[PDB]
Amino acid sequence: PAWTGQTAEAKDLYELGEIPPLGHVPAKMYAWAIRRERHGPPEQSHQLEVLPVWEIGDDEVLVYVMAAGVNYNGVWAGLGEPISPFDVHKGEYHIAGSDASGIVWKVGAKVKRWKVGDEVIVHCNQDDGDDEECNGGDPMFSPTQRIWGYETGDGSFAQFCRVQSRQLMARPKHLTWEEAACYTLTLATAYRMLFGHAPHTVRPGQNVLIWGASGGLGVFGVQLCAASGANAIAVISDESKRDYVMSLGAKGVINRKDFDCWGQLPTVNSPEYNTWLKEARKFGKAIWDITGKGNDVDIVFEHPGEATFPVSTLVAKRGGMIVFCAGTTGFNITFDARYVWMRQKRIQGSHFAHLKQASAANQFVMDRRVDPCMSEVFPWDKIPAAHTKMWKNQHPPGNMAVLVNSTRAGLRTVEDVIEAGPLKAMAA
């Protein structure tokens, strides 16, 4: 409430960073929406509209959005593949965006934890709140679970978005709006992988193979390991990337381009299967050269999938886990039953994270023990462009972000957004 009266008048439509009086809610807002006939490339399917501000219920909340995050799923949405969201919800239009920072503007009748004017970031997991798994087990195992901004169109690429109370976490005051908004989805996901599957969690001492260490997922495996006592073993495909990952806490690096052990699992007992095992073993020593010899990784941290899995299942210690949330290079997974059963290795699928997980992760960032690693930030009018950049992989390592009501890069407080000035949302 330092800035309660330096605001604007009560009206039904504001421009970017034109702060309304606290708790006043305009009939309308500006947004980046998708409709079923637009479906296609981000610059084609994401177009700019003026829509009504979301109606909210008993346990929901409304957020004035300062910045947001760019993730792959916003592309799958604009694409309508692998599926269209309109085959998931009954909506006429869809507002994407699954990461965010901003202010709470209005709360439901039953909301006590959070209060109007509180500064927050947003976790993307939602459920109906009332079955066995959401009340005693793991809420990610409820059929009711879904991802906000993907399987819902009340996402964050708009002046306002609608979220459940159970999606809100406190914002780190030490970050810019854009930094606060880039990491939660990707950080929380990686946190579930490494701490959310007892008894195969990370402990001081362990060695963890991290695939694609420069990726949005990669950078967070590396940091979380280091920040906990463990020893991340990064993997990359460009030697200019070496310094980067190593300044993060990495305890070694390796480059996949040196080998050929890539591709599905050669049918067994065939020479290819024998030439395959030959190089892959080279890959194995590559670790021991870092880890010491006889020292296989406690956890493989997977996501490329089809092309590497055969290998990942080989290098993991007896009693070790190979966890993963994607298959960026194919889904025909393959592996040699012999290796995982004799050495009793766990192959564990994983998928985002839940509030208590996202918020344990958020704490590492609040204590400054982990850093969002924001790759770069685009402005409100470049949002579809920002997505196109991910599409064909031309983005820099780390996590992109885009601006909303925050009118310029580098802004931290709401006072900063005011004095920097309102901005036209729809000009051309």
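From 1 onward, residues are counted along the sequence shown.
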Checklist outcome for this item: As the entry reports it, the stretch among 409-417 and 5-13 with higher mean C-alpha B factor is 5-13
Checklist outcome for this item: Taking the deposited Cα B-factors and averaging over 83-91 and over 117-125, the higher mean is found in 83-91
Checklist outcome for this item: From 168, 268, 187, 340, the top C-alpha temperature factor is at 268
Checklist outcome for this item: Residue set 299, 134, 355, 253, per-entry CA B-factor max assigned to 253
Checklist entry - Based on the entry's values, in what third of the chain does the Cα temperature factor of residue 143 lie: lowest, middle or highest? => result middle
Checklist outcome for this item: So, residue 226's CA B-factor, relative to its chain, sits in which third? The middle
Checklist outcome for this item: On the chain's distribution of Cα B-factors, residue 110 falls within the third called highest
Item to check | Record-listed C-alpha B factor of residue 367: chain third | outcome: highest
Item to check | Among modelled residues of the same chain, the CA temperature factor third for residue 219 | outcome: middle
